[PDB]
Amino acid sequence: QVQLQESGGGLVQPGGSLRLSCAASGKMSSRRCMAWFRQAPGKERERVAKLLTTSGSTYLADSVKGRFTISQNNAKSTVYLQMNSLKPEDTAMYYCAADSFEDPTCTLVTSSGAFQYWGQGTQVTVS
């Protein structure tokens, strides 16, 4: 079934940028609901972005609206998080997650517990 593998993490100064990628494979219906989550140490995984792959409909958490963008490539084997104007509070391990949820559920479900498929995570540090 579905496999997810992140790349793109690193360290930036404030104002800097990183681009994360999530290489996604497996039955497309099983991964139509794509998301980016982040976890700071001492905190729970929190969702920051959502994409329904079939409609292209996206959603960004208030904390990152206007700074981050979620997108996919033509083959839809890769999902991106473009992270501009990074701030120290964005420091976290970032995970891509996938599941089969159609909209509106895909948009509205922010709990990490809902999603069955996960990447291994990539570190983003802003200092």
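Position 1 is the first residue in the sequence shown; the rest follow in order.
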Highest mean C-alpha temperature factor of the two stretches 78-86 and 98-106, which is it?
78-86
115-123 versus 13-21: which one carries the higher mean Cα B factor per the record?
13-21
Between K50, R38, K43, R31, which one tops the list for Cα B-factor in this entry?
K43
Reading the B-factor column of the entry, which of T91, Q72, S57, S63 has the highest value at its C-alpha atom?
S63
